[PDB]
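Each chain, letter by letter, is given below.
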Amino acid sequence: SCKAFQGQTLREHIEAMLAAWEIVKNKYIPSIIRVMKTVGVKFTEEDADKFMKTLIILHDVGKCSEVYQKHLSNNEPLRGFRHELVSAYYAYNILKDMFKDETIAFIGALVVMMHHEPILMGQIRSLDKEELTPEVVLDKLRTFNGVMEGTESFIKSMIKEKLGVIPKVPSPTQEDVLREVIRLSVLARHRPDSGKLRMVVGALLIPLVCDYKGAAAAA
Amino acid sequence: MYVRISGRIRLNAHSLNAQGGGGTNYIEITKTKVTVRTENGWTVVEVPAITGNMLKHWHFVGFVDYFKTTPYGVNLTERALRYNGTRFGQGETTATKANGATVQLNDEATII
Amino acid sequence: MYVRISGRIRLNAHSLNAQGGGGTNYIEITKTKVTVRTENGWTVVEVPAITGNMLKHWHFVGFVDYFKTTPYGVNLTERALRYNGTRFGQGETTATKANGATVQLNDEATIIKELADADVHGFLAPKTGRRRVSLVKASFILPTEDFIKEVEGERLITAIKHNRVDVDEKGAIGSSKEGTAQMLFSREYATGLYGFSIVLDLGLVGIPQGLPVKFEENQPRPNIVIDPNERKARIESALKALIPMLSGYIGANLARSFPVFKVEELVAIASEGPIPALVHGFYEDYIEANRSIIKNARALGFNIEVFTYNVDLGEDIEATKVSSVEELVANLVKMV
Amino acid sequence: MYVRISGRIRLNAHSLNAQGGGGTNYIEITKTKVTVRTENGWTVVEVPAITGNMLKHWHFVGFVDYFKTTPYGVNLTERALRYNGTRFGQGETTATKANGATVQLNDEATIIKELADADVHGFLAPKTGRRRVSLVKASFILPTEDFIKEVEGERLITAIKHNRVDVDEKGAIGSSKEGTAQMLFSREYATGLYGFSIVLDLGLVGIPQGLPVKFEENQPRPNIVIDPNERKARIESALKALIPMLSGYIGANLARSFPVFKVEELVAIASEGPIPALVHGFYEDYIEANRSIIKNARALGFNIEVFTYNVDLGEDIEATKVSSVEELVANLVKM
Amino acid sequence: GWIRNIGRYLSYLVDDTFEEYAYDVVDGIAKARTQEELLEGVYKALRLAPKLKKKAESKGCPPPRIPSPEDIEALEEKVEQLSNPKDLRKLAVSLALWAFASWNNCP
Amino acid sequence: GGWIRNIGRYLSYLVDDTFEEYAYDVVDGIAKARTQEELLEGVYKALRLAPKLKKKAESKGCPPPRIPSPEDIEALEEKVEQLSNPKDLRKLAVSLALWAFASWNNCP
Amino acid sequence: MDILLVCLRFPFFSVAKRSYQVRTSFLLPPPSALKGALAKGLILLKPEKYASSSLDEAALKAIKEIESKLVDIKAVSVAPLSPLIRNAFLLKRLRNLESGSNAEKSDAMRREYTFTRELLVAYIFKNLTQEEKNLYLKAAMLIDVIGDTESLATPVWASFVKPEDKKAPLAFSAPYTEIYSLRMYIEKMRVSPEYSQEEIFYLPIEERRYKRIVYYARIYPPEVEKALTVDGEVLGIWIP
Amino acid sequence: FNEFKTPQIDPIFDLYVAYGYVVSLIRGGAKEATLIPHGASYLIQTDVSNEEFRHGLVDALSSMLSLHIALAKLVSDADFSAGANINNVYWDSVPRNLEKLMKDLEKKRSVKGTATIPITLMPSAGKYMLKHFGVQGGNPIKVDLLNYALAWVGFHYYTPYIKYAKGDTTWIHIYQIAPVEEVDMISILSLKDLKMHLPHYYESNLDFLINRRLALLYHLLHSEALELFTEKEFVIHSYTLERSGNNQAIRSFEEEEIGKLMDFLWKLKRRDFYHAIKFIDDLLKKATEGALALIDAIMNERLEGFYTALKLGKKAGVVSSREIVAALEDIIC
DNA sequence: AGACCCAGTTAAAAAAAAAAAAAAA
Ligand code: NI
Ligand code: NI
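What you see is numbering from 1 along each chain in written sequence order, possibly unlike the entry, with residues lacking coordinates removed. For this description, chains carry letters from A and ligands carry numbers from 1, given in the order in which they are written. Taken together, the chains in view make up part of a larger assembly, and the values describe this part alone. Heavy atoms from the whole structure form the basis of all side-chain values; hydrogens and water molecules are not counted. Residues with missing side-chain atoms are left out of burial classes, side-chain pairs and their counts.

What the entry reports as its method is cryo-EM, with 3.3 Å given for the resolution.

> Please give an account of the packing of aromatic side chains that cites residues and values.
Any two rings among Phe, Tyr and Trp, with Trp reduced to its six-membered ring, count as a pair given centres within 6.5 Å; such a pair is stacked if its planes are under 30 degrees apart, edge-to-face if over 60, and tilted if neither. Tallied over the entire structure, the rule returns 47 aromatic pairs over all chains. Their ring planes at 55° and their centres at 4.4 Å tell us that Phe 63 of chain C and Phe 67 of chain C sit as a pair that is tilted. Taken together, the positions of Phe 63 of chain C and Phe 67 of chain C, both in helix α1 (residues 52–69) and 4 residues apart, correspond to about one turn of that helix. Per-residue accessibility, obtained with a 1.4 Å probe over protein chains only, is compared with the maximum for each type, and a residue is labelled buried under 20%, exposed over 50%, and partly exposed between these values. Given the relative accessible area of 0%, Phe 63 of chain C is considered buried. Relative to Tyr 128 of chain H, the ring of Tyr 20 of chain G lies with its centre 6.0 Å away and its plane at 65°, an arrangement referred to as edge-to-face. Here the residue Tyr 20 of chain G occupies a position in the loop between β1 (3–8) and α1 (31–45), and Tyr 128 of chain H occupies one in the loop between β3 (114–115) and β4 (143–144), the pair thus bridging two chains. In this structure an aromatic cluster arises from ring pairing among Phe 140, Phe 282 and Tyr 283 of chain D together with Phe 12, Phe 89, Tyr 113 and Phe 115 of chain G. For a ring to carry a charge above it, either NZ of a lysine or CZ of an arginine must fall within 6 Å of the ring centroid while also lying within 35 degrees of the normal to the ring plane. Lying over the aromatic face of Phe 60 of chain B, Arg 87 of chain B brings its terminal NZ or CZ to 5.4 Å of the ring centre. In this description a helix means any DSSP run of H or I spanning at least four residues, a strand means any run of E spanning at least two, and both kinds are numbered starting from the N terminus.

> Account for the sheet that holds strand β6 (residues 113–115) of chain G, naming residues and giving values.
All names here are of chain G. If you trace the 3 strands from one edge of the open sheet to the other, you get β6-β3-β13, paired in antiparallel fashion. Here the strands that pair on one side only, and so sit at the sheet edges, are β6 and β13 (215–216). By the convention used here, strands pair only if DSSP detects at least 2 bridges between them. Sheet analysis places strand β3 (residues 84–87) next to β13, joined by 2 bridges and oriented antiparallel. Across the sheet, the residue bridging to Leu 84 is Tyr 216, located in β13.

> Explain the interface of chain D and chain G to me, using residue names and the numbers behind them.
We call two residues in contact whenever any of their non-hydrogen atoms come within 4.5 Å of each other. With 64 residues of chain D at the contact, the number on the chain G side is 55 residues. Broken down residue by residue, the surface that chain D buries against chain G is led by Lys 33, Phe 140 and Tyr 283 of chain D, which jointly contribute 14%. For salt bridges, the criterion is a side-chain nitrogen of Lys or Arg within 4 Å of an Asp or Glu carboxyl oxygen. The interface formed by chain D and chain G includes 5 salt bridges. Polar contacts here mean pairs of N or O atoms no more than 3.5 Å apart (in protein, one a potential hydrogen donor and the other a potential acceptor; neighbouring residues in sequence count only if both atoms are side-chain atoms). Run the count over chain D and chain G and you get 19 residue pairs in polar contact. Residues are grouped as follows: nonpolar covers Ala, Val, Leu, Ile, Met, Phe, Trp, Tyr, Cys and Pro; charged covers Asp, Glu, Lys and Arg; every other residue, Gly included, is treated as polar. Of the residues assigned to the side of chain D that touches chain G, the class counts are 30 nonpolar, 21 polar and 13 charged. Here the buried area means the combined drop in accessible surface, using a 1.4 Å probe, for two parts upon being joined, counting both sides.

> Summarise the coordination of the nickel ion (ligand 1); cite the residues concerned and give the values.
Residue and element names in this part refer to chain A. Of the protein atoms, only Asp 60 (OD), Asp 60 (OD), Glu 84 (OE), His 115 (ND1) and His 116 (ND1) coordinate the nickel ion (ligand 1), at distances of 2.0 to 2.4 Å. Each metal site is built from N, O and S donor atoms within 2.8 Å (3.2 Å for Na, K and Ca), and since water is not included, such sites may look incomplete. Read in sequence order, the donor residues for the nickel ion (ligand 1) give the motif D-x23-E-x30-H-H. Here the nickel ion (ligand 1) and the nickel ion (ligand 2) are spaced 3.8 Å apart, with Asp 60 acting as a shared donor. In this pair, the class of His 115 matches that of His 116, namely buried.

Take a look at the structure:
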């Protein structure tokens, strides 16, 4: 029930991402395993597959938020809204709900929030000088007022299409979304192992941006 | 030299110094608040008034009019004959001369 | 001579002390709160006010104007002749005189001996770091509390449009992109029964602050660096500087405003010695407070004289009903 | 002798106790925080509060002027007659006087006898010790809480920008590149119904702090180092110097601002013996609390007289109708 | 509330697309120590409003619309209890601020 | 109490569109009146230009222009007579002038 | 066992730390300041035993007598009930006390102060005699200044209250040496005046704010078995 | 657990050494830790004795020396050396102190001496302190080398500062943030992120900065104003230092103008940041009269001044978006 | 106590150069 583009269904985008992962996993999985072990959590190949599929099914979930849905309907300006941040919050919630690990949900939310890295970089470059000091002073999550219930129910079904675990993500208001996304951004920006976190988030980001150069034109 | 004049003058049927109330057509005369006791304390009442800036302009007009007849009336602003009181407006580093030239600002004595 | 004048004067249609608008055409009059009773608890309201430095600078203007006529006008700064109240500016060590001489500021005695601007109105030289407090203390002229009570409360300010009528050389009006030099603005004019108070502590004229008293032979005498004639002339000029105050010169924008003045009521005291400052002609308990102050001062045996205009004072204090300020300053300068 | 005055005074358009921004064109008057009751949490209001240091300095100024205008006032410091305030420091060990003779600071009785300014306003000589607290003290002058509550949300602060119009020798107002001093400074003024409370401990003038009494034949008697005439003259001078403060000399910028001064109400309590300080006029129900102090004044039977000005302080207790501060000081100097 | 529409219909005087630039009316509304003068200022705004409508319909841009009556009702019922000058100044300055904003006048 | 809405309705009907009779002189007279006499003349003239509005509404099919209630006139007279202060008088006159311009329910 | 309880509606005080270029003050008056004020009152009453060659040693012996009559060094306590706040005052204070540098050397020091409304001050004694109890009761008044002379003090009333041994939360100061198990404040206020030792005091006063500042008030008092009642409310004074 | 004890000196320097402690602990791990504020104690609860505290401290000190070397006797542009320090002597005392710390705390051994305390770390610091009559020949107050280094790292990394010098005069305004009830590592790292506005940002902006207050507002524009994240609200204490003619002193220790300016900025840019940034930048660039008008509307708060600023906005070609005036009205209340 | 001190200092040593993803177009 979610929509990714103005004339493209988000379910088709999800299945295209899944097919791309299924065809590039043999090439891309060992570096992911190594970096995620370097994060500090041990895991198996099936655990890595489950983690990355939960990441993929929520790569652009925030696209079916109310603001971006209205933008898809009619060309109303986004006014600085970004779907990755809501996607980061969703990824953090479902990741932490069934993995019971704080750092795994942390890295997943950070990498999913960096899916649209260069639009964010361009928005920062036009506006002030520093990047993602808290939601560019409330600008990133300003016009966002909520999401349609059915849309989120959709990804719940997507969860059922990945695994039998029930997703217990709460209804996203403004305050909780702000709190979680600020925690994520601040922890990423300032932390003694910032270099290691940047390396691992880039390693997880490479498969996410692998969706360009042909696989994005069709969608 | 120094002369101070005052007095009372009776006026009637004058729209002298009317602001206009902005761009609207209802031209309203200048009004200023004054204090009159009326045996009940110095109450404030809005009364028609005439700005002293207008008196300055009309004194300028009379001065140039009576300086035209003087044999030494050449030493006057170009706008003086124009009946324009604008002296050294926006972006004016020189003085307009009635002879058809310009005056450079170097000293107040030269200007006067 | 220590003198203190105060009183209440009607005033209207004056643009004194414009705030300047902060760069906008609509320049507004300076206003201050007055905290009027309004028949109940103290309620504050902001009404037009006249700054104290306005009064001090116009006293300086009258002072220099009266030195212009008097023979003892050579011992003055040429900056004063420019109607400029600046003492020495900033970053300036040596000052210039009216005759064109240069005076060093290192020693205060040298400044005081051949000057009066730095004596009557004080001075501050940051370069030398030498400061002398003025003998002229000027209060703020505010509409009285009873006036506010009887007018309840308004803005007390009228906005009047003023325009420039500049045209080009041909006699035409266009936009500023071609060279038009006319431009709009507006002015604020105020009114009310204002009240003023001025203190001339003119007992330190010609007296340096570093060594105020000599005590060479162990007896009290002021350290006057000038002859008594010059000091007397300076005192007379300073007192005569009050003549414009009650007639036509208090504020600024005199060319277009020329604030309208009349001596509604006045009271001045002098004793050639330390005296209480008069309560401002602003407060409700004004005349009673003045009567009590004068009767208490005269009950102590002091040789204080008080002169009142358009007020009965206390119908028992020996104070002659004066006629104007000219004879007031005349008697205050011929009393010694 | 021992005097405690307090009350309410309404002041308008005064730049007393400024800061100047530390060297900026904008001059910042003192602004403090006052906590008051508004039945929705103890609210805090930013309102100016005039310090007691200005009151002490103006008492100093009036005192030195009254000695200047008094033939009996000779023992004064020439570097303190310029309203300096500073009297002694560790860098010097000799007191300088307006005459050609100095004071050797080897003892405390000698400095008490030979300098009245060091008596009334105290002094401090770290080189030779022998400190002496200032006899006259003053409190901070801030608007009363009842007035702030009844004026609800208000800051009581206004600023008027003044300027200097200095012009060089040439008849033209130049820029900063020419050397002119045509520049603005924003003087910040204040209004409101301030409260004052000042203590005058004039019972120790000419009385050394170390030995207030002699006690040789075991009878109570003050140790007056000087003759009673000089002590009486000092009392008269101090009570007369209180007059400029209560009349027109409060704060700073007097030559420019001259705060419009008139006492709205005043309560004073005077006695020969020490008396507790009267409650500051800031509080709402302090006048009745003042009566409590009167009860304390009646706790041990003190010969205390109370002067009222635009107040009653009850009816059962004795009071004195005073029409102006000069009448109050006349009553004080009567005894 | 009821500030959006009054600000939108008051900003037309100072708007660039209208070459009359009634700065004086907005100046009078802005710093008004008493209610009567800010009321006079908004009255002058409403009096110039037909001129703005006429020039808008002559140029081609959509004509401005008179403020809704409920806005006037709210303004009248709020202006009466302006016992303290502070709230009156707050309202006048808020109106002046909303008189300076960007609006979609001529597409 | 009550005079506000009815005065607004009538003054709008006098000033609003779909009438081609735009009388602003009466509105200016009501507004700029330091004394009460000229405010009364202005409101009287506004009330007098009732038959024109009624005839035009009947001719062009517009709803009839409602006339202010007599109690509204009562309240007007009481507050004009009981308020000798020019301040409140000016406030009332300018309030009426403000209510002269209102976008009420015009002709469909 | 009696407690000398005094009410003073003083506006301000200034008691700074080892501070220079600024004088930040304590939130509550220190015991040393209270003892000095009481010694000043005693001297003002009658210098029959406080009069001697020098004022310094006279004050020293007065403070010694006060400490002797008090139970211990950290005995006198202070407790506010009104919200007190800390503000800043810039005054030109002379700094001639430095090495040389003439005597008129003055700089604009930020001599900040603490505003308040009303505080209670309790003195602990050792069953002093009736004559001495009256002398101290009349010495409880005459507190005409607290801290520096720029800010004065004014007592309202004085009383002799009893501990009455009732369990209630406390509000007065207490040393932190013995109070460990008890929103909490703690600093050093130099309980021993210096006239030419190591301890830390605790205060049950929090920070709070209004917009961006701190106005100090009291919340969540600890539990102490020793407390009394006065003026309709309940206060608590620690007893060694 | 260890319950790291912290001595009590003053709730400015003590909060600085607490910031040093917490940053050293968060550097290198220290999970399941908290900061308990006790008015002035500011203690830490962490389950470690001493491994990662050393690791984080040495990492932070290495970063300190690297930044000092990169910035430019051994004067540099570093915040802990000359970016906030007002004394020229500090510009040479800091390098030698850091070199001594490097020579001391690198071979797993404790410190052996002490050091002086500066005005920036503690405004109540000075070589002249009176005891009964006068001052001593030295300075009785001393700070341990470890405490000094932790205070330095907390000052440079956590508390923000605004620097503006006009030819001879130099102004530095440091506004430290303190808790009231409780904080956490999320709050600590948020406060670390609050540290911005690198020392040297002056290329041409001074041409319109002129007034100190205007420069302070412009530099606070690029700062951050969000504190509701931490689940606990904070407080700010600001102190200023001036140097006119090489004379350094204190003229402001507890002043509200920084606080009210910060609140006004937070309540203005909450409804947008792009339009607010554009508006403030344009008025600072060309509508200098509007900038002074806005500062006069904040300093000595008067609402009408805002309008005049908006007036100059039309003189500056500002877009004047819909949400800016809504935020201003919300500020008006 | 007392001195100062507070910003530009300028001979052979070592590598060469295109996306299409969606922002207040
Ligand atoms: Ni995406
Ligand atoms: Ni994608």
